[PDB]
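A.B. asks: For reference, the structure I am asking about is given below.
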Amino acid sequence: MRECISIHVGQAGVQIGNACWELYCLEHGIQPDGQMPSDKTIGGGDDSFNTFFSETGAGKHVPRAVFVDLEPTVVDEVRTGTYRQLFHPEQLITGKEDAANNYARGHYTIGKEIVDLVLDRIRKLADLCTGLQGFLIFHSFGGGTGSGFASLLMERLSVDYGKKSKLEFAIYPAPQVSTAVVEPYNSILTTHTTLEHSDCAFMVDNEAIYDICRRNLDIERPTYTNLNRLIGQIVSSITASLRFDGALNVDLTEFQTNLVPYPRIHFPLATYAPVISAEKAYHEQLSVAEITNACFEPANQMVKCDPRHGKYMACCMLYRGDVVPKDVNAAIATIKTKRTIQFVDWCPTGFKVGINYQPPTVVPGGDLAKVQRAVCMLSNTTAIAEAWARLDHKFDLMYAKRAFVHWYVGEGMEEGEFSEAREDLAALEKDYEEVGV
Amino acid sequence: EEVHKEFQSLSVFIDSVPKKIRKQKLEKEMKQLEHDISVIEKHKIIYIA
Amino acid sequence: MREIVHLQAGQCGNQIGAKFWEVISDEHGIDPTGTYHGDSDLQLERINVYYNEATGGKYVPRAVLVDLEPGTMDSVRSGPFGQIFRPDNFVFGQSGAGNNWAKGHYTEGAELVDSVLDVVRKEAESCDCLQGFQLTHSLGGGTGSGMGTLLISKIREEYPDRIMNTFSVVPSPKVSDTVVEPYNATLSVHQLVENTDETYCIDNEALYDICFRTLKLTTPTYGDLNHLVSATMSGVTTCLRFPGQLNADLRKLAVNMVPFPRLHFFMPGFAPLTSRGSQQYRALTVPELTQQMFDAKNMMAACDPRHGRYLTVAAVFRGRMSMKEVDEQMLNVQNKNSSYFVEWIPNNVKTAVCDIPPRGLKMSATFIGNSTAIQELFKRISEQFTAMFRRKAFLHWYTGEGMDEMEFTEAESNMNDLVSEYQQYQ
Amino acid sequence: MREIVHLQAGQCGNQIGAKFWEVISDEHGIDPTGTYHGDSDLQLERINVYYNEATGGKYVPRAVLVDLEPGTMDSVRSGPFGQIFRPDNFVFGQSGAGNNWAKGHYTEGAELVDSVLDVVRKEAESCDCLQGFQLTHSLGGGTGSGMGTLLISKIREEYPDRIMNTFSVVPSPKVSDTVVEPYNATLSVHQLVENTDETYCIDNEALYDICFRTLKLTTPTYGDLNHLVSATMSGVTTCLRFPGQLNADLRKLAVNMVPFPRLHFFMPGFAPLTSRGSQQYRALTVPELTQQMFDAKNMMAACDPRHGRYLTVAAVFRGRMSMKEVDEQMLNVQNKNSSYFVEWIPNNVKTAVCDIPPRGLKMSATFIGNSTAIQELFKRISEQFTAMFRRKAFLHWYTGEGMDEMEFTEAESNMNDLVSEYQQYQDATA
Amino acid sequence: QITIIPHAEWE
Amino acid sequence: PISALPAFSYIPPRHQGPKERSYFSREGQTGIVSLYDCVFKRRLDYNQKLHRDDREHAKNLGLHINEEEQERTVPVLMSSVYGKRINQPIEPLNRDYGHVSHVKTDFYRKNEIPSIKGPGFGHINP
Ligand SMILES: Nc1nc2c(ncn2[C@@H]2O[C@H](COP(=O)(O)OP(=O)(O)OP(=O)(O)O)[C@@H](O)[C@H]2O)c(=O)[nH]1
Ligand SMILES: Nc1nc2c(ncn2[C@@H]2O[C@H](COP(=O)(O)OP(=O)(O)O)[C@@H](O)[C@H]2O)c(=O)[nH]1
Ligand SMILES: Nc1nc2c(ncn2[C@@H]2O[C@H](COP(=O)(O)OP(=O)(O)O)[C@@H](O)[C@H]2O)c(=O)[nH]1
Ligand SMILES: [Mg+2]
């Protein structure tokens, strides 16, 4: 029975877990204590809250997540937060010292101390689950822990569970704004493991949610919590088919099959619609055609790239709320009758439509006004590789003069892994070019 | 406190003889006051003559 | 769990360290008695980075105070917050160095170093996981520029992995109070470059310059100079003690500011330094601080960054804001003053935000930058030192300690090599 | 049930015994009159190990105070706890020995040993089940170094099975107040090694160093030294006196402490010694207690243990506490200082626990060590003795008392053989 | 279970 | 001295005035009124939860930071920001669309072997 396990690693992973688990608990009715006000007894939906929560002997519901950080305070704030008794104590795992923005430190020196502890914890959650669907793993490329420890942990999980699918959600370094100067090295070195040990990954850059939140939602002063809320809503849109019934329910394996044409091409881009504030939502009627047209606007992409500069390979629509398949068909005909939207010649039919019933909810302290229908789009296209190209340019300008190499070398890795990963990314960009041909 | 703060204000290296005597004067008071507070905490009832 | 040991050498560093221990006591809520009278319990969560615990809720500092003269010891012993320190940590000699580096480093050095290792050890095993060492001294004294270079030499052999940071005070040629100052400094800079992860250069003349013009105070004493240094040290570690949106530590920056192991001299800055009458015509906003540390007049040392290229830049913000505009102001200043940044490193600026603001002002930021302007500071010392050494003036004092003349040439050669490779990186 | 008989010899032994009886009377809540005014029931449960019952609810110390000079008895009787001792327990001659071991041991000792044996036999047949004898003297005296060893010989003949321990004050080479001190030392050490189950060596120079630096007292009188020795002597037997989590006694420590009968010399130590300045800045914990008892400066003897190898170590803890910090801390202090412990004995550390804290404090610890460094002081006594003896100096005072010339030779041979086997046990392969 | 102090001591 | 008196240093002991004169609220005492009681009247017991008696509140013992954030009108801790106003009322939860396991709740039972014997009291009257 459908169950998914969270492996949130890094400060980004922990904060995303904060947002997401708040969203799940208010989606299902969980109080912060761990007792819903009405479980089973009066009606009661057993299948509703066992994709994420598990029942205990005292009738409390435990999240199916693992919070891992090599620094204490980011998880200590959760241990002292309002969900202290909601979370499991041994689930929250901390370290005394961190990688300090070093992939090498997070991969070879400090990760091996607690890798056994996190893998035994994950084995316990896998014991708890009966039919496991996949692991949602949240991290960033820039942070040393969130790169090195994430890479080592998922390369352990690959041999631990050969078939059990892994969904990698990660923060992509932004083209212009940056919070570190050693992040290109860590991203380049992470990309090898993210290529060889992933089935589907959702690298996102902060600048896109910044500009979208400013333009559509009218908040002049955005913070990280709004981005985390949007990411959590995207994940809830993904998992709505597992949580709640629909006319065309879509399992994770369904879009895994219908999003990946070739094994090396598993880097889709996700988008959500609609994102409007209440004051403007007063005036504008919302329908399927308008929201699905909002999906295809390049200004609403969560990754800084123009799909008009590339070609769509596959597209997965996840409609949610009060939507009707006739309107989906009308919208898809309207979309297909556009010259600006391009598709590869080996995909005349490039759409995976799924439909749910329950509308998305709104989170207290949130930003989005309530909208009775919503949609998520997962587009596999070739316009993403230019971000890898500019990251390669930044890495090359770093690596010509051997800057910051001494930190990694004194840690103790071998230097040609840098050039090896550069070659691998050049090959990946070449493969994307071949598909673009 | 003022005796001990004076004891605390005291020089760490004490080479001179008039230093060496003024250390003791506080300790004579220090032992006395500690003795008095010790015995009054022994019981709450004070039957005295 | 994450601890810092705060060494204390020389008359300058002792008064600077005394001021620092007062300031952070006024951030965590410690009376001169030593009890926690704090209001927020957030003030008492991470106090064990700087303080050790004692019976009855007593907090003792993790500071080892050393000086070759017991007289300056009594001064801090008579200070306002002089009562918190442990007298066992008070280790001192009997005869001073007379501002002679070789006397400190060699002659009067061997006897008292052994005592200070034991306490430095004793604090080290007290903490379960020690992040690294903190030491304050002046590069113009006999102990701190002397002994102090000897202490860091031994502890790097004994704790190699641990980070050592030094708030070393750098002499100015414009206002000089020592004439053998080039001799002791040139024999000190060689010690820092071979063993130091990060160094901060601080000049008293620019600290006077800020008080004269940025603050316009009528009589800046040495107490005002020390607090301005002290607030920077609290601005370094504010993200370690208190949580913030983008947490960081001393190692988060340490890897981020060092492109090559030779370059570890930085430009500390404090953002909210405004004159007294300016507060009336003011409206506290984030870009105001952004304009405030990116002028060279706010710099606390004696070199203009407009004469060099900024290699790496950090601005650690302390207080509650949001990150969107501070990235814009990061991006705005990077595109505007592109010439003064290096081309081979895009995104030269690393930012961190801690939520807890300082007492007395909502908004505070600490700027730590590595620029090519620091090469104008070593060159000016060699201009003086070679004038001394060409005539062999003031040599019999150092030669009286038994050391050779070869040490002078290598120290100049190392600093000449340092500024040569520092010039090729421009 | 398990009684201790306190033998008290010489001026030094008399003073330290007076201090020790004062301290244990403080612990058991006994006034200078003789009545019990303590509060807790456990303060009077095993009082009969040092105290004999007397009518009117009185308790008399179970000690025998012997001296050839009547002068020190007047001071003892004039002390604060002076009238607590039974007058019949005082055995004094009319003239002393004048620091002459031969006069103490042979000529003038013979008349008074009969009286001492009479009172000791009465005292021994008082108690039903006697654990043994605990003696206090100095090897540099005339009586304690002299007739005290003769009493040890007679008692070891009389009661072979009972445990006897000597808290012996050993002279220092640096600070010396007698010239025939090496003569008395070499003529005594032979007796102690021939019949002694355990010796605790205390040195006044080391005690003075403790007074100088650890406690920082400006005018350290001999009362300070006697108080410290009293604290050590109490801490030895606190476990026997009071219940604990892991009880022990004199035989518990001695059987565990003596691998071979020739090695019974031990250095003592007391943990909670801090200056009044140091009391303010301290976190009183078992970690700091272990650090303080394992630093070699706190040692009560005149030998640095870092030049030898610790054969065996025992720690008796006083006060309420949890064993795990002790077991892990003895384990890690075994682990770091691996060079200073012998390899042919695993788990060189033996621990005992008593719940009742000392009065006026919450935690305390007493350390008893057998280490290789103690042979240094013996070899220095030999270096002094041979240098004085080679010129045949100061021997007429002894030779007028009727002994031969070969007793010095055999005592020197005995102590040379002892330090030889001590060094060969130092140099041993597993 | 009562403290007793002399008058001179109390003064 | 008066000249050695500083030029701008005005820092008292870290105590604030009224709640208006604070970044925070809820002013209270130190909790200790005599440092003689502080230094001397230490505790004979050892608490087993803490490994060091000096580290009295190392595991958040008797500290109510969450309670103080809910008391104060604004979340100072920025992670306390993300969940504060859940107590305010939100759109009633929609429940009718969620899976329920009819197969397990009907097909699968525990015991009671009904087919063999039917002598029960008050049954099979539909
Ligand atoms: N979207 C989002 N990104 C975050 C968040 N927190 C951190 N990040 C990103 O993560 C990157 C650094 O990684 P962190 O998660 O902060 O730290 P880490 O993963 O523990 O790795 P280290 O920095 O070495 O300790 C930064 O560049 C941020 O862009 C968050 O809450 N939301
Ligand atoms: N910033 C600052 N510098 C100081 C202070 N006190 C002394 N100094 C500097 O310290 C230098 C003298 O140091 P010195 O006492 O010889 O150091 P020592 O030999 O190591 O003890 C002088 O050049 C002063 O400029 C102070 O309070 N603040
Ligand atoms: N530690 C200590 N040693 C003492 C004390 N009184 C005397 N001594 C030592 O005893 C030695 C003299 O012993 P002595 O009186 O000749 O012993 P006696 O001949 O048996 O009476 C001196 O060397 C002193 O150091 C004391 O109170 N404490
Ligand atoms: Mg991190």
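Numbering starts fresh at 1 for the residues of each chain in the structure tokens, the chains themselves are lettered A, B, ... in the order given, and ligands are numbered from 1 as they appear.
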Using only C-alpha atoms and all ligand atoms, what are the residues with an atom within 8 Å of ligand 2, set out as a ChimeraX atom specification?

C.D. replies: /C:9-13,15-16,67-69,96-100,137-148,169,171,176-178,202-204,207,222-223,225-226,229

A.B. asks: Write down, as an MDAnalysis selection string, each residue of chain A that has any atom within 9 Å of an atom of chain C, counting only C-alpha atoms.

C.D. replies: chainID A and resid 11 72:74 77 96:102 176:182 210 220:224 394 397:398 401:407

A.B. asks: What's the 12 Å shell around residue 30 (chain B), counting only C-alpha atoms, without same-chain residues fewer than 5 positions away, as number ranges by chain?

C.D. replies: B: 1-7, 23-25, 35-37; D: 276-277; F: 36

A.B. asks: Counting only C-alpha atoms and all ligand atoms, name the residues that have an atom within 9 Å of an atom of ligand 1; the answer should be given as a PyMOL selection string.

C.D. replies: (chain A and resi 9-16+68-71+74+97-103+105-106+139-150+170-174+178-180+183+204-206+209+224-228+231) or (chain C and resi 245-248+252)

A.B. asks: Within 8 Å of ligand 3, counting only C-alpha atoms and all ligand atoms, which protein or nucleic acid residues do you find, written as a PDB file with N, CA, C and O atoms, in the first residue's frame?

C.D. replies:
```pdb
ATOM      1  N   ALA D   9      53.010   6.322  68.795  1.00  0.00           N
ATOM      2  CA  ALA D   9      54.372   6.295  69.310  1.00  0.00           C
ATOM      3  C   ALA D   9      55.113   7.576  68.958  1.00  0.00           C
ATOM      4  O   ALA D   9      54.993   8.090  67.844  1.00  0.00           O
ATOM      5  N   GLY D  10      55.889   8.077  69.916  1.00  0.00           N
ATOM      6  CA  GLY D  10      56.726   9.235  69.694  1.00  0.00           C
ATOM      7  C   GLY D  10      55.947  10.534  69.727  1.00  0.00           C
ATOM      8  O   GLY D  10      54.723  10.568  69.841  1.00  0.00           O
ATOM      9  N   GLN D  11      56.691  11.637  69.616  1.00  0.00           N
ATOM     10  CA  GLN D  11      56.073  12.960  69.607  1.00  0.00           C
ATOM     11  C   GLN D  11      55.217  13.159  68.361  1.00  0.00           C
ATOM     12  O   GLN D  11      54.059  13.595  68.447  1.00  0.00           O
ATOM     13  N   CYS D  12      55.780  12.846  67.191  1.00  0.00           N
ATOM     14  CA  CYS D  12      55.045  12.988  65.939  1.00  0.00           C
ATOM     15  C   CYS D  12      53.814  12.094  65.920  1.00  0.00           C
ATOM     16  O   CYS D  12      52.717  12.535  65.556  1.00  0.00           O
ATOM     17  N   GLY D  13      53.989  10.826  66.301  1.00  0.00           N
ATOM     18  CA  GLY D  13      52.864   9.913  66.343  1.00  0.00           C
ATOM     19  C   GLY D  13      51.798  10.357  67.321  1.00  0.00           C
ATOM     20  O   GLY D  13      50.605  10.264  67.031  1.00  0.00           O
ATOM     21  N   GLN D  15      51.111  13.479  68.262  1.00  0.00           N
ATOM     22  CA  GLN D  15      50.388  14.633  67.734  1.00  0.00           C
ATOM     23  C   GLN D  15      49.432  14.233  66.613  1.00  0.00           C
ATOM     24  O   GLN D  15      48.265  14.660  66.600  1.00  0.00           O
ATOM     25  N   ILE D  16      49.896  13.404  65.672  1.00  0.00           N
ATOM     26  CA  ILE D  16      49.022  13.038  64.562  1.00  0.00           C
ATOM     27  C   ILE D  16      47.879  12.160  65.053  1.00  0.00           C
ATOM     28  O   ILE D  16      46.763  12.241  64.531  1.00  0.00           O
ATOM     29  N   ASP D  67      55.365   7.001  74.999  1.00  0.00           N
ATOM     30  CA  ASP D  67      56.555   7.807  74.749  1.00  0.00           C
ATOM     31  C   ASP D  67      57.519   7.671  75.917  1.00  0.00           C
ATOM     32  O   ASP D  67      57.106   7.555  77.072  1.00  0.00           O
ATOM     33  N   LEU D  68      58.813   7.697  75.602  1.00  0.00           N
ATOM     34  CA  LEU D  68      59.831   7.624  76.640  1.00  0.00           C
ATOM     35  C   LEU D  68      60.002   8.941  77.383  1.00  0.00           C
ATOM     36  O   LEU D  68      60.602   8.957  78.462  1.00  0.00           O
ATOM     37  N   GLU D  69      59.489  10.039  76.836  1.00  0.00           N
ATOM     38  CA  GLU D  69      59.537  11.332  77.494  1.00  0.00           C
ATOM     39  C   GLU D  69      58.148  11.713  77.973  1.00  0.00           C
ATOM     40  O   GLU D  69      57.199  11.695  77.177  1.00  0.00           O
ATOM     41  N   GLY D  96      63.934  10.125  77.563  1.00  0.00           N
ATOM     42  CA  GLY D  96      63.834   9.775  76.164  1.00  0.00           C
ATOM     43  C   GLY D  96      65.095   9.113  75.641  1.00  0.00           C
ATOM     44  O   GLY D  96      66.005   8.740  76.383  1.00  0.00           O
ATOM     45  N   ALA D  97      65.136   8.961  74.317  1.00  0.00           N
ATOM     46  CA  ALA D  97      66.277   8.364  73.640  1.00  0.00           C
ATOM     47  C   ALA D  97      67.198   9.390  72.996  1.00  0.00           C
ATOM     48  O   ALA D  97      68.349   9.059  72.695  1.00  0.00           O
ATOM     49  N   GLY D  98      66.729  10.619  72.788  1.00  0.00           N
ATOM     50  CA  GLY D  98      67.538  11.644  72.158  1.00  0.00           C
ATOM     51  C   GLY D  98      67.895  11.317  70.725  1.00  0.00           C
ATOM     52  O   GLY D  98      69.059  11.433  70.330  1.00  0.00           O
ATOM     53  N   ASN D  99      66.897  10.883  69.950  1.00  0.00           N
ATOM     54  CA  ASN D  99      67.031  10.501  68.545  1.00  0.00           C
ATOM     55  C   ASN D  99      67.963   9.311  68.340  1.00  0.00           C
ATOM     56  O   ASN D  99      68.510   9.136  67.247  1.00  0.00           O
ATOM     57  N   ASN D 100      68.156   8.477  69.357  1.00  0.00           N
ATOM     58  CA  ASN D 100      69.026   7.313  69.251  1.00  0.00           C
ATOM     59  C   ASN D 100      68.175   6.065  69.057  1.00  0.00           C
ATOM     60  O   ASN D 100      67.436   5.658  69.964  1.00  0.00           O
ATOM     61  N   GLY D 104      66.346   3.656  71.854  1.00  0.00           N
ATOM     62  CA  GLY D 104      64.925   3.363  71.778  1.00  0.00           C
ATOM     63  C   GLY D 104      64.617   1.882  71.678  1.00  0.00           C
ATOM     64  O   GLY D 104      63.631   1.411  72.251  1.00  0.00           O
ATOM     65  N   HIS D 137      53.840   6.477  63.805  1.00  0.00           N
ATOM     66  CA  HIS D 137      55.133   6.914  64.315  1.00  0.00           C
ATOM     67  C   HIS D 137      55.949   7.546  63.188  1.00  0.00           C
ATOM     68  O   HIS D 137      55.503   7.655  62.038  1.00  0.00           O
ATOM     69  N   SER D 138      57.170   7.948  63.534  1.00  0.00           N
ATOM     70  CA  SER D 138      58.124   8.518  62.595  1.00  0.00           C
ATOM     71  C   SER D 138      59.408   7.701  62.628  1.00  0.00           C
ATOM     72  O   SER D 138      59.885   7.333  63.706  1.00  0.00           O
ATOM     73  N   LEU D 139      59.967   7.425  61.448  1.00  0.00           N
ATOM     74  CA  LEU D 139      61.221   6.680  61.353  1.00  0.00           C
ATOM     75  C   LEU D 139      62.429   7.507  61.760  1.00  0.00           C
ATOM     76  O   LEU D 139      63.540   6.965  61.796  1.00  0.00           O
ATOM     77  N   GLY D 140      62.254   8.793  62.037  1.00  0.00           N
ATOM     78  CA  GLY D 140      63.365   9.626  62.436  1.00  0.00           C
ATOM     79  C   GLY D 140      63.384   9.977  63.907  1.00  0.00           C
ATOM     80  O   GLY D 140      64.114  10.878  64.329  1.00  0.00           O
ATOM     81  N   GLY D 141      62.581   9.277  64.703  1.00  0.00           N
ATOM     82  CA  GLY D 141      62.533   9.501  66.130  1.00  0.00           C
ATOM     83  C   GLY D 141      63.523   8.631  66.877  1.00  0.00           C
ATOM     84  O   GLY D 141      64.392   7.977  66.299  1.00  0.00           O
ATOM     85  N   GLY D 142      63.381   8.636  68.197  1.00  0.00           N
ATOM     86  CA  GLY D 142      64.149   7.737  69.030  1.00  0.00           C
ATOM     87  C   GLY D 142      63.286   6.594  69.517  1.00  0.00           C
ATOM     88  O   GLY D 142      63.747   5.453  69.625  1.00  0.00           O
ATOM     89  N   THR D 143      62.017   6.892  69.794  1.00  0.00           N
ATOM     90  CA  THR D 143      61.069   5.907  70.303  1.00  0.00           C
ATOM     91  C   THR D 143      60.240   5.285  69.184  1.00  0.00           C
ATOM     92  O   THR D 143      60.192   4.058  69.052  1.00  0.00           O
ATOM     93  N   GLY D 144      59.575   6.117  68.379  1.00  0.00           N
ATOM     94  CA  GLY D 144      58.779   5.590  67.282  1.00  0.00           C
ATOM     95  C   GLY D 144      59.617   4.850  66.260  1.00  0.00           C
ATOM     96  O   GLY D 144      59.236   3.776  65.789  1.00  0.00           O
ATOM     97  N   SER D 145      60.775   5.410  65.910  1.00  0.00           N
ATOM     98  CA  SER D 145      61.722   4.683  65.075  1.00  0.00           C
ATOM     99  C   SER D 145      62.342   3.517  65.829  1.00  0.00           C
ATOM    100  O   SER D 145      62.771   2.536  65.211  1.00  0.00           O
ATOM    101  N   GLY D 146      62.363   3.593  67.155  1.00  0.00           N
ATOM    102  CA  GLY D 146      63.044   2.626  67.989  1.00  0.00           C
ATOM    103  C   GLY D 146      62.096   1.595  68.562  1.00  0.00           C
ATOM    104  O   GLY D 146      61.797   0.591  67.907  1.00  0.00           O
ATOM    105  N   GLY D 148      59.058   1.440  68.835  1.00  0.00           N
ATOM    106  CA  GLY D 148      57.889   1.134  68.027  1.00  0.00           C
ATOM    107  C   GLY D 148      58.081  -0.102  67.168  1.00  0.00           C
ATOM    108  O   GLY D 148      57.190  -0.947  67.073  1.00  0.00           O
ATOM    109  N   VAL D 169      55.870   8.255  59.137  1.00  0.00           N
ATOM    110  CA  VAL D 169      56.370   9.549  58.686  1.00  0.00           C
ATOM    111  C   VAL D 169      57.827   9.378  58.277  1.00  0.00           C
ATOM    112  O   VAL D 169      58.702   9.177  59.124  1.00  0.00           O
ATOM    113  N   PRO D 171      61.426  10.635  56.752  1.00  0.00           N
ATOM    114  CA  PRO D 171      62.200  11.871  56.603  1.00  0.00           C
ATOM    115  C   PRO D 171      62.495  12.187  55.145  1.00  0.00           C
ATOM    116  O   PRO D 171      62.621  11.298  54.301  1.00  0.00           O
ATOM    117  N   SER D 176      65.880  18.240  56.512  1.00  0.00           N
ATOM    118  CA  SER D 176      66.241  17.277  57.541  1.00  0.00           C
ATOM    119  C   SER D 176      66.522  18.002  58.847  1.00  0.00           C
ATOM    120  O   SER D 176      67.153  19.063  58.855  1.00  0.00           O
ATOM    121  N   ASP D 177      66.053  17.419  59.950  1.00  0.00           N
ATOM    122  CA  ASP D 177      66.232  18.005  61.273  1.00  0.00           C
ATOM    123  C   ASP D 177      66.942  17.056  62.234  1.00  0.00           C
ATOM    124  O   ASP D 177      66.834  17.224  63.451  1.00  0.00           O
ATOM    125  N   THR D 178      67.667  16.064  61.716  1.00  0.00           N
ATOM    126  CA  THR D 178      68.474  15.177  62.545  1.00  0.00           C
ATOM    127  C   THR D 178      69.577  14.573  61.683  1.00  0.00           C
ATOM    128  O   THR D 178      69.360  14.290  60.502  1.00  0.00           O
ATOM    129  N   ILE D 202      54.462   8.907  54.572  1.00  0.00           N
ATOM    130  CA  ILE D 202      54.100  10.321  54.547  1.00  0.00           C
ATOM    131  C   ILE D 202      55.366  11.147  54.738  1.00  0.00           C
ATOM    132  O   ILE D 202      56.215  10.814  55.574  1.00  0.00           O
ATOM    133  N   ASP D 203      55.496  12.218  53.955  1.00  0.00           N
ATOM    134  CA  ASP D 203      56.680  13.067  53.987  1.00  0.00           C
ATOM    135  C   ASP D 203      56.293  14.515  54.257  1.00  0.00           C
ATOM    136  O   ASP D 203      55.433  15.081  53.564  1.00  0.00           O
ATOM    137  N   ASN D 204      56.961  15.119  55.244  1.00  0.00           N
ATOM    138  CA  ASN D 204      56.638  16.484  55.643  1.00  0.00           C
ATOM    139  C   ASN D 204      56.988  17.499  54.562  1.00  0.00           C
ATOM    140  O   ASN D 204      56.316  18.526  54.450  1.00  0.00           O
ATOM    141  N   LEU D 207      54.086  17.397  52.213  1.00  0.00           N
ATOM    142  CA  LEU D 207      52.962  18.068  52.862  1.00  0.00           C
ATOM    143  C   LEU D 207      53.141  19.582  52.845  1.00  0.00           C
ATOM    144  O   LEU D 207      52.180  20.329  52.619  1.00  0.00           O
ATOM    145  N   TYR D 222      52.065  22.647  62.051  1.00  0.00           N
ATOM    146  CA  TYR D 222      51.978  21.196  62.012  1.00  0.00           C
ATOM    147  C   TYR D 222      50.550  20.696  62.179  1.00  0.00           C
ATOM    148  O   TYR D 222      50.277  19.533  61.860  1.00  0.00           O
ATOM    149  N   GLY D 223      49.640  21.546  62.664  1.00  0.00           N
ATOM    150  CA  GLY D 223      48.237  21.178  62.700  1.00  0.00           C
ATOM    151  C   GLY D 223      47.664  20.910  61.323  1.00  0.00           C
ATOM    152  O   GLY D 223      46.821  20.028  61.163  1.00  0.00           O
ATOM    153  N   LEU D 225      49.389  19.682  58.713  1.00  0.00           N
ATOM    154  CA  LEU D 225      49.909  18.379  58.313  1.00  0.00           C
ATOM    155  C   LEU D 225      49.174  17.259  59.030  1.00  0.00           C
ATOM    156  O   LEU D 225      48.802  16.249  58.416  1.00  0.00           O
ATOM    157  N   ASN D 226      48.947  17.428  60.331  1.00  0.00           N
ATOM    158  CA  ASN D 226      48.242  16.409  61.094  1.00  0.00           C
ATOM    159  C   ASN D 226      46.786  16.294  60.659  1.00  0.00           C
ATOM    160  O   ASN D 226      46.240  15.189  60.646  1.00  0.00           O
ATOM    161  N   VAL D 229      46.891  14.248  57.405  1.00  0.00           N
ATOM    162  CA  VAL D 229      47.144  12.840  57.705  1.00  0.00           C
ATOM    163  C   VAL D 229      45.916  12.204  58.349  1.00  0.00           C
ATOM    164  O   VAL D 229      45.583  11.044  58.075  1.00  0.00           O
TER     165      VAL D 229
END
```

A.B. asks: Find the residues near residue 98 (chain F): any atom within 6 Å, counting only C-alpha atoms, skip ones fewer than 3 places away on the same chain, and give them as a ChimeraX atom specification.

C.D. replies: /A:48,244-245

A.B. asks: Pull N, CA and C atoms from the residues just selected and write them as a PDB file, in the first residue's frame.

C.D. replies:
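Output file out-v2.pdb follows:
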```pdb
ATOM      1  N   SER A  48      -6.048   7.273   4.022  1.00  0.00           N
ATOM      2  CA  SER A  48      -5.773   8.689   3.806  1.00  0.00           C
ATOM      3  C   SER A  48      -4.426   9.105   4.389  1.00  0.00           C
ATOM      4  N   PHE A 244      -5.393  11.000  -2.164  1.00  0.00           N
ATOM      5  CA  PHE A 244      -6.823  11.116  -2.401  1.00  0.00           C
ATOM      6  C   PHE A 244      -7.170  10.561  -3.774  1.00  0.00           C
ATOM      7  N   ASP A 245      -8.407  10.090  -3.901  1.00  0.00           N
ATOM      8  CA  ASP A 245      -8.862   9.445  -5.121  1.00  0.00           C
ATOM      9  C   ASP A 245      -9.052  10.463  -6.241  1.00  0.00           C
TER      10      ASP A 245
END
```

A.B. asks: What is the CA of residue 341 (chain C)-CA of residue 372 (chain C) distance in Å, reported with one decimal?

C.D. replies: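 Separation of CA of residue 341 (chain C) and CA of residue 372 (chain C): 9.7 Å.
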